[PDB]
Amino acid sequence: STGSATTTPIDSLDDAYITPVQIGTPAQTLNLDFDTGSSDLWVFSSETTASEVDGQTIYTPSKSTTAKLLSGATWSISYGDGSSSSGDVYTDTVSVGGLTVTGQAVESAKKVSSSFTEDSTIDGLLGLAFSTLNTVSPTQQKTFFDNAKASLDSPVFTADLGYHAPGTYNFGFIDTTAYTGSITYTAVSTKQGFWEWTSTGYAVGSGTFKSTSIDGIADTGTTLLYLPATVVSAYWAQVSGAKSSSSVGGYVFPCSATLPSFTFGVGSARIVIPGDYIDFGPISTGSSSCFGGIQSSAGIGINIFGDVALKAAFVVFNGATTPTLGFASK
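Conventions and cut-offs
Residues numbered from 1 in each chain as written, not as in the entry; some residues may be left out. Heavy atoms only, no water. Residues with missing side-chain atoms left out of burial classes, pairs and counts. Helix = DSSP H or I, 4+ residues; strand = E, 2+ residues; numbered from the N terminus. Rg over C-alpha atoms; globule rule 2.2 N^0.38 Å. Contact = heavy atoms within 4.5 Å. Domains from an automatic or database assignment. Buried < 20%, exposed > 50% of the residue type's maximum accessible area, 1.4 Å probe, protein only. Pairing = 2+ DSSP bridges. Axes fitted to C-alpha atoms, helices over the stretch in contact; angles between N-to-C directions. Disulfide = S-S within 2.5 Å. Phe/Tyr/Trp six-rings, centres within 6.5 Å; stacked < 30°, edge-to-face > 60°. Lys NZ or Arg CZ within 6 Å of the ring centre and 35° of its normal.

The deposited coordinates derive from X-ray crystallography, with the record listing a resolution of 1.0790 Å.

This is the structure in C-alpha cells:
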C-alpha cells in the first residue's frame, strides 16, 4: 500500500504545516502537524478542557463506531518549545492520504498548553519519530508509520515541504518526479529516538564550504534551523546590522536586508537554502527588525534541521531495518 497527502503552511511565514488526517468511522478529518521529532499522535477532542479549545476541530470518540478506549492508558508530553499536552487514549482507524491503519493509538487531549489553544489551525500532532519516544503509559504505543510499515510497498515516508506553498507527505514510495538529481543517503542513529544524522558541513552564501561534522535531527515539527553558535555567528556576520537580541530571543536583522543563502552538506552532496527561506518577518507588527530563520542551538542540547532546512530538500525517512535519511535537491 501507499499514501499521499498534501501538507499546507498554517500561515504566511511557514510557521508549521498541517496535513488532513481521517480518524474514526464515519471519518472525522482533523488537520495535524506531522512531527518527525516526536512519536505521539494526539488530538484536540470532546474531552479537552473547554476553555483550552479555541477554534480547533475536535475528535469525538463517542461518534466513532470503531473507537475503543484503551483502558488505563494515559499520555503526557512536553515539547522543546515549552508547550505540552496530556490525556487518555483510544484506538481507532486512522487514514492519511489513502493509507489506512486500524487500531492506531489516538491520544485524546484532556489538557493542552496555551500555545496550542492559541493556534486555531493545528488540531493535534502526528508523530513520526521512533516509537521508543511514545509517551503512552503503562503500555507504550506505536506511531502511525510504525503500524503501517509492514503493509507499505517500501518501508519509507518522504517529506517535501513547500516554501510559502503546499507540499507533500508520501508513505510507501519515492516519487522520482519530485526531486532533481540523485538522493544522497546518510546514516541515522536511533539512540535518542530521533532521525539523527551528521551533516558534513556548511557554507554561507557564495563562500567556501567548511567541512565539519554537525550532528542533528531531521525535525519537521520545528520551524527553524538550530545550529552551533559558531556556525550561526558566521552566517549572521554576513548580514549588515544583524545581531543576537537577548530580549527578542535570537538573531534579528534589518528587514531591509537581502539574506545570503545557507548550504549544508549531506555526504558529498549539498543542499542550498535560499536566503528568503531564512526571513521570518517583523518581530512584532510594523517593526523594521526581522526574526532570523537560523538560530543557535546552544542550550537546546541538540542541533535541529527544522523546516527552514528540510523545505529546501526532498527528504526520505527510510525505515528499513537499519534506518537511513535521504536528501535531494528539488
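Having put the structure on the table, let's press on.
Colleague: I tried to follow the overall build of the chain on my own but got confused; where do I start?
Modeller: Regarding its fold elements, the chain presents four helices and 24 strands. Since a compact globule built from 330 residues should have a radius of gyration of about 20 Å, the 20 Å found for the chain is in line with a globular shape. Pairs at least 24 apart in sequence give 66% of the contacts found in the chain among residues at least 6 apart.

Colleague: Whenever I open this one, unusual backbone geometry confuses me. Can you help?
Modeller: Negative phi values dominate among residues other than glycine, just as trans dominates among peptide bonds. Following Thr25, the chain continues to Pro26 via a peptide bond in cis, the omega torsion being -10°. Within the secondary structure, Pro26 is located in the loop between β2 (17–23) and β3 (28–35). With an omega of 5°, the peptide bond between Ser137 and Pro138 qualifies as cis. Tracing the chain through its elements places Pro138 in the loop between β8 (124–127) and α2 (144–148). Of note, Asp14 is a non-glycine position whose phi angle comes to about 60°, a positive value. Here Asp14 lies in the loop between β1 (3–9) and β2. Unusually for a residue other than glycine, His164 sits at a positive phi of about 50°. Secondary-structure assignment places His164 in the loop between β9 (156–160) and β10 (167–171).

Colleague: Explanation requested: the domain arrangement of the chain in the structure shown.
Modeller: Think of interface size as the accessible area that goes away when the parts come together; that is how it is often given. The domains assigned to the chain are domain 1 (5–174) and domain 2 (175–330). Relative to domain 2, the C-alpha centre of domain 1 lies at a distance of 25 Å. At the interface, 30 residues of domain 1 touch 33 residues of domain 2. The set of elements that each furnish at least two residues to the side of domain 1 that touches domain 2 consists of β3, β9 and β10. For the side of domain 1 that touches domain 2, the leading source of residues is β9, giving five residues.

Colleague: Explanation requested: the environment of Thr93 in the structure shown.
Modeller: With respect to the secondary-structure elements, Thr93 resides in strand β6 (residues 84–96). The class of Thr93 is buried, set by a relative accessible area of 17%. Between the C-alpha atom of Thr93 and that of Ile23, which follows or precedes it by 70 residues, the distance is 5.8 Å. Excluding anything up to four places from it in sequence, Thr93 contacts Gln22, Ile23, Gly24, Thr66, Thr100, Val101 and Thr102.

Colleague: Quick question: what am I supposed to make of the sheet that holds strand β18 (residues 269–273) here?
Modeller: With mixed pairing, seven strands are arranged side by side in an open sheet as β18-β17-β12-β13-β22-β14-β21. Every other strand in the sheet has two partners, leaving β18 and β21 (294–296) as the edge strands with one partner each. Averaged over all neighbouring strand pairs, the angle between strand axes comes to 45°, with direction disregarded. As defined by bridge partners, strand β12 (residues 196–204) adjoins strand β13 (residues 210–218) across six bridges and the pair is classed as antiparallel.

Colleague: Please clarify how the state of the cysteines should be interpreted in this entry.
Modeller: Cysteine pairs can be covalently joined through their sulfur atoms, and such a bond is termed a disulfide. Applying the stated criterion to the full structure yields one disulfide. Shown here is the disulfide that connects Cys255 with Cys290, its sulfur atoms set 2.0 Å apart. An S-S torsion of about 110° defines the bridge between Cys255 and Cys290 as right-handed. Highlighted residues: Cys255 in the loop between β16 (250–254) and β17 (262–266) and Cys290 in strand β20 (residues 289–292), separated in sequence by 35 residues.

Colleague: Teacher, can you tell me more about the packing of aromatic side chains here?
Modeller: The description of an aromatic ring pair uses the distance of the two centres, along with the angle that the planes make with each other. By the definition in use, this model includes 26 aromatic pairs. Where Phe145 meets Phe157, the ring centres are 4.8 Å apart and the plane angle is 80°; that geometry is what we call edge-to-face. Placement of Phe145 in helix α2 and of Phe157 in strand β9 is noted, with a sequence separation of twelve residues between them. Accessibility assignment for this pair places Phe145 and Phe157 in one class, buried. Taken together, a centroid distance of 6.1 Å and an interplanar angle of 15° make the contact between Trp236 and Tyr251 stacked. Of the two residues, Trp236 sits in helix α3 (residues 229–236) while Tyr251 sits in strand β16, which places them 15 residues apart along the sequence. In this pair, the class of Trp236 matches that of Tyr251, namely buried. One aromatic cluster is present, built from ring pairs that chain together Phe34, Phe130, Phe144, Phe145, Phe157, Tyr169, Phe171, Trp195 and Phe317. A cation over an aromatic ring shows up here: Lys311 above the ring of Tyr277, its NZ or CZ 6.0 Å from the ring centre.

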